[PDB]
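Cβ placement follows ideal geometry from the backbone for every residue including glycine, while neighbour counts extend to all protein chains displayed. What is reported rests on the model, the rules as stated and the sources as named; no laboratory instrument gave them.
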DNA sequence: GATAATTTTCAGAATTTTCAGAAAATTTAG
DNA sequence: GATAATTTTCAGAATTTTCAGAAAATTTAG
Ligand SMILES: Nc1nc2c(ncn2[C@@H]2O[C@H](COP(=O)(O)OP(=O)(O)OP(=O)(O)O)[C@@H](O)[C@H]2O)c(=O)[nH]1
Ligand SMILES: Nc1nc2c(ncn2[C@@H]2O[C@H](COP(=O)(O)OP(=O)(O)OP(=O)(O)O)[C@@H](O)[C@H]2O)c(=O)[nH]1
Ligand SMILES: Nc1nc2c(ncn2[C@@H]2O[C@H](COP(=O)(O)OP(=O)(O)OP(=O)(O)O)[C@@H](O)[C@H]2O)c(=O)[nH]1
Ligand SMILES: Nc1nc2c(ncn2[C@@H]2O[C@H](COP(=O)(O)OP(=O)(O)OP(=O)(O)O)[C@@H](O)[C@H]2O)c(=O)[nH]1
Ligand SMILES: CC[C@H](C)[C@H](N)C(=O)O
Ligand SMILES: CC[C@H](C)[C@H](N)C(=O)O
Ligand SMILES: CC[C@H](C)[C@H](N)C(=O)O
Ligand SMILES: CC[C@H](C)[C@H](N)C(=O)O
């Protein structure tokens, strides 16, 4: 099986995965097939995001490591020292992925470490190990496709979660500014009587006890409703039902 | 220059690009440098998302294509019928990326087509062109790997686009439900006289033409600001400035 | 000389330094006196912030390192691996501060590495080396006073520069919001004709060419003057003299 | 517990505190834990910046001191006369930190005084108290090193305080120069009727009492907002809300 | 000393704005 | 079907606000 067929095999997993997310465990399996290696996709903090082992599964430490979803904290930082792709690493090296204890079974073992880069920084590490054979250039080509692609699926993940928080801050800010002076004070006193995420209270009485017009309170709520900060429904004599959908709202209110 | 050298060059563009969006015009010329080819990155409908050419620029048609940001209609169809990679296409084949009229300069021209796939569907096509040298398998490895990542960035963009159009619909609806009856009527008329995405008008004047209280207009606008549907700016004696941040708002409002 | 007298010596340098800043070179000298060692105060990126060497000055690499204001980039990252105070490190170790080349002169050499911590993260490293003798606990007490104190003078420096940028953003924002719609457009057209940091222009003519009232322009400038964004003086027939004192102002204006 | 163990404990509080400001109440009890002492951190004028006591809390006077956040006037003087560290002070010496009346519980009490020095001047005093055990030299090493860092955090705070009062003066002056003659007159009267740091008043009413155009008042307030001297809030029919962010503004204005 | 050129100041109207409160509309329980 | 309890809607006045522009004030050159 030629390199083209191996690259074609890997590139097919990505071109046909439904959705946008790519399962790194699926990737780990594919990387093992076309190269016959034990695969480890670890984070910058060592969290195991993918794995496709066989010979290593035969070690006690490795089993307890897969359950921890982590790797030796000390060995995690040593992978950070590899800034370029270092291949063909024997068992007599510190960067070997195989247990130095069971050296007899892994005497001819060779280890290669690919760094995962994205957006201009370090994102993870892709460690591949073999029991005897060595790594050639055709293997480093396949491994660098993975690191470059994994870093892209991580760069998207980190970026998408930043966009989410950035929108919530805008939604809260977009709402806090649309409030009037009397409407900010109204919202402060309501969330006080409400106490929790959702509840039921009589807005009118809260308006009378505090000395704020009743329509000023209805006005503030409808603005927060428009901004997606809360959901509200009327219950007539029972009162007004409120369900906060953005918790950080109040915290940013007094801050204003 | 070995394949592992060309591969490392391409991956470097992707791992260090700032932000998240990868510019296809950068990819195209990067693909062109490492393979010594004329590069086209086109969509299903033949829009040139990115290109980096040299010899082809000595043809009249190629220039007007770049001006139109599109490729011929006839050619776009025949690219869709290419369901797999097809390399070393001669000048006399319809799938050739070189103008046949300039045969004196393109008689020994070879052109390979790489379908761009993402999420299991055809997103576009990556076309490479050479004047003399044929395409080896080490070239198909790059072109196929570049079409893969190109499909990944398109898959991602189309997803973020859909998420945004959905967040917008939600913003409009959430803001329309916040409007009372008289408030919902003012906005219909305010946005009628505005005539465009943004403008300046005298609200109190429009309030008297229809017979709605001016206070109604002020509160309604302030509720659309809470949902990020419009930006509003008071110019006192000169009127009110209104910039709409959601095209489809007015259309959606009329539905109700 | 007892430890109390050594601690008293060090604590005097800090209690009597005039001003708020503490010169790390002065510190380097004091740390060398009370312990008789070659002192290195390096950053997280290896930048030498202080030094008090003697025996090492006798090496060619060290001389070229002091001029670079840096240390071997590779050795800089290895110091990051020391998370706790590691002392009594022989020349046969990678973390030795002495040149492994001139091993014969530094055979009994012992090296100690103190990490500089502040605010909850790593800030630098304090490396001490000896030619023969070893380190005791009384030496680690003195070295940890230094690391803890150096980290405090660095935490203050980093914090003070953050407070400075945070105020400039507020000054610009505090000003951009106080501007009216017509006053923002006025400031946009003035900085256009101005071209550079400071210059001379006739505001009236700029007002007439663009179609904005002349007093609207005087009003915008006086607000920016109040916010410290610009300095302005009148020159009657010659025009108005403007000197921008905050460059990022305009960049944040169109962004609004 | 060795000195190097006690030292490492204190440094840990300083290296991991969040922000920049170190809370002296944390330092005091930390000093108390590692040396088994009653701790007082007082200024020149005897204000208890921080304390952590146990046995002393069984005395009436000590409690009222904590309530007053001050120490006796007579005792504060005698601490200033202590120009150097003085350890193992008996119960019958005026420099004792223990109430003589409770002699039955404090007859074998020992108390050491550590002057707190920063920038070459006396900033405060660190006082430690014990019921039985005397103070060794390993204790003077901690108390002297704690007084040093305490002096460092006071030196820093007093500097940031002065920089702020200077930035304020600049903000006031810069804002006053931005005011015209009629504008400068309105603010004098507006701030006269306000009577306090913040309040609500009817500007247009105050405009007619004096005979100034209402527009003048609006623009003047908007110029003080640009310099961060006040916050202003429009309440329409109810009036204008004004919060002053710079106490000394009104005073400084009257000077002109 | 005075003209000429901008630059500021000041005054005033039109519009925008926030709040009050009475009438309308709703929900819940009967 | 109807009372009672809040909840919304709507209308209206008082105040705040932004802009225009004419008169005043300033600087520069003579
Ligand atoms: N698409 C995709 N992304 C993944 C997968 N596994 C992990 N990630 C992403 O990888 C990113 C980093 O991994 P973390 O969950 O943060 O693990 P960690 O222990 O916190 O390590 P650090 O990210 O370095 O802090 C996360 O934001 C995930 O979105 C996966 O299987 N598929
Ligand atoms: N990252 C990135 N995406 C791009 C670039 N140019 C185009 N795209 C994406 O390519 C996709 C198609 O480009 P369009 O310009 O919309 O072309 P089209 O005619 O709509 O193409 P069809 O998808 O066939 O309908 C969209 O998802 C774009 O976001 C580029 O330079 N960078
Ligand atoms: N008080 C004081 N601070 C210093 C001294 N030398 C350096 N610093 C501070 O140490 C901080 C970090 O050093 P840098 O100038 O940033 O050196 P660098 O090469 O950029 O290394 P990094 O800070 O890790 O990025 C700076 O912000 C300085 O303010 C000194 O002699 N006295
Ligand atoms: N970091 C820090 N500084 C503090 C703390 N308590 C007081 N200070 C500083 O200690 C100094 C004096 O405290 P004050 O409360 O002003 O006492 P004082 O009576 O003015 O003292 P004198 O300086 O003698 O006039 C000031 O610079 C304060 O900022 C604290 O808990 N943490
Ligand atoms: C997978 C980690 C490997 C075994 C590494 N050599 C260690 O001992 O931690
Ligand atoms: C890019 C278009 C190519 C050259 C096509 N064969 C044509 O003749 O138009
Ligand atoms: C000061 C650096 C020392 C000599 C280190 N062992 C190196 O060789 O880089
Ligand atoms: C803290 C004050 C001490 C106890 C002082 N000697 C007194 O008697 O008041």
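Laid out as a table, the results:
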| item | result |
| --- | --- |
| Filter pass, residue A:188 being outside the structural domain of residue A:118 (by TED's automatic domain parsing), surrounded by fewer than 16 Cβ atoms within 10 Å (Cβ to Cβ) and part of a helix (DSSP H, G or I) | yes |
| Flag if residue D:178 is facing another protein chain (nearest Cβ under 8 Å) and more than 32 Å from the chain's Cα centre (by Cα) | yes |
| Test: residue in the stretch C:151-163 that is in a strand (DSSP E or B) and surrounded by fewer than 18 Cβ atoms within 10 Å (Cβ to Cβ) | no |
| Identity of the residue in the stretch A:27-55, away from ligand 5 (no atom under 16 Å from the Cβ) and without any contact (Cβ under 8 Å) to a residue 24 or more places away in the chain, that ends up surrounded by the most Cβ atoms within 10 Å (Cβ to Cβ) | A:30 |
| Search result, residues across the stretch C:221-230 that are more than 7 Å from every other protein chain (Cβ to nearest Cβ) and surrounded by 23 or more Cβ atoms within 10 Å (Cβ to Cβ) | C:224, C:229, C:230 |
| Condition met for residue D:121 (surrounded by fewer than 17 Cβ atoms within 10 Å (Cβ to Cβ), over 23 Å from the mean Cα position of the chain (by Cα) and away from ligand 8 (no atom under 14 Å from the Cβ)) | no |
| Options D:102, D:88; residue that is buried (at least 17 other Cβ atoms within 10 Å of the Cβ) and touching a residue at least 40 places away in the same chain (Cβ under 8 Å) | D:102 |
| Residues that are within 13 Å of DNA strand F (Cβ to nearest atom) and at negative phi, drawn from the stretch A:234-251 | A:234, A:235, A:237, A:238, A:240, A:241, A:242, A:243 |
| Filtered residue count, the stretch C:14-39, keeping only those that are more than 7 Å from ligand 3 (Cβ to nearest atom) and either touching a helix residue (DSSP H, G or I) at 6+ places or on another chain (Cβ under 8 Å) or at positive phi (or both) | 16 |
| Per-region count, the stretch C:28-48, residues away from chain D (no Cβ under 14 Å) and over 19 Å from the mean Cα position of the chain (by Cα) | 9 |
| Counted residues, the stretch B:105-118 - those being without any contact (Cβ under 8 Å) to a residue 24 or more places away in the chain and not in a strand (DSSP E or B) | 2 |
| Residue in the stretch A:157-178 that is on the phi > 0 side of the Ramachandran plot and out of contact with any helix residue (DSSP H, G or I) (no Cβ under 6 Å at 6 or more places or on another chain) present | no |
| So residue D:233, is it in a strand (DSSP E or B) and either surrounded by 14 or more Cβ atoms within 10 Å (Cβ to Cβ) or within 15 Å of DNA strand E (Cβ to nearest atom) (or both) | yes |
| Where residue B:220 falls short, out of the listed (1) farther than 19 Å from residue B:248 by Cβ; (2) out of contact with any strand residue (DSSP E or B) (no Cβ under 9 Å at 6 or more places or on another chain); (3) within 11 Å of DNA strand E (Cβ to nearest atom); (4) in contact (Cβ under 8 Å) with a residue 12 or more places away in the chain | (1) |
| Cβ pairs under 6 Å, 6+ apart, first in the stretch A:144-166 and more than 8 Å from chain B (Cβ to nearest Cβ) and within 21 Å of residue A:11 (Cβ to Cβ), second more than 16 Å from ligand 6 (Cβ to nearest atom) and part of a helix (DSSP H, G or I) | A:146/A:31 |
| Check on residue B:79, assigned by TED's automatic domain parsing to the domain that holds residue B:140, touching a strand residue (DSSP E or B) at 6+ places or on another chain (Cβ under 8 Å), assigned to a loop (DSSP other than H, G, I, E, B) and more than 16 Å from ligand 7 (Cβ to nearest atom) | no |
| Boolean, residue B:177 is closer than 20 Å to residue A:219 by Cβ and loosely packed, with under 14 Cβ neighbours inside 10 Å | yes |
| Qualifying residue in the stretch B:55-73 (condition: within 16 Å of ligand 2 (Cβ to nearest atom), closer than 26 Å to residue A:155 by Cα and either outside the structural domain of residue B:98 (by TED's automatic domain parsing) or within 23 Å of the chain's Cα centre (by Cα) (or both)) | no |
| Qualifying residue in the stretch C:126-145 (condition: assigned by TED's automatic domain parsing to the domain that holds residue C:242, in contact with a strand residue (DSSP E or B) (Cβ under 8 Å, 6 or more places away or on another chain) and assigned to a helix (DSSP H, G or I)) | no |
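Residues are listed down the side, and each one gets a yes or a no for (1) more than 14 Å from chain C (Cβ to nearest Cβ); (2) in contact with a helix residue (DSSP H, G or I) (Cβ under 6 Å, 6 or more places away or on another chain); (3) over 20 Å from residue C:223 (Cβ atoms):
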site	(1), (2), (3)
D:183	no, yes, no
D:187	no, yes, no
D:194	yes, no, yes
D:203	yes, yes, no
D:217	yes, yes, no
D:239	yes, no, yes
D:247	yes, no, yes
D:250	yes, yes, yes
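Condition check ((1) assigned to a strand (DSSP E or B); (2) over 19 Å from residue D:106 (Cα atoms); (3) within 14 Å of chain C (Cβ to nearest Cβ)) across all residues:
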{"residue": "D:1", "(1), (2), (3)": "no, yes, yes"}
{"residue": "D:14", "(1), (2), (3)": "no, yes, yes"}
{"residue": "D:26", "(1), (2), (3)": "no, yes, no"}
{"residue": "D:50", "(1), (2), (3)": "yes, yes, no"}
{"residue": "D:63", "(1), (2), (3)": "no, no, no"}
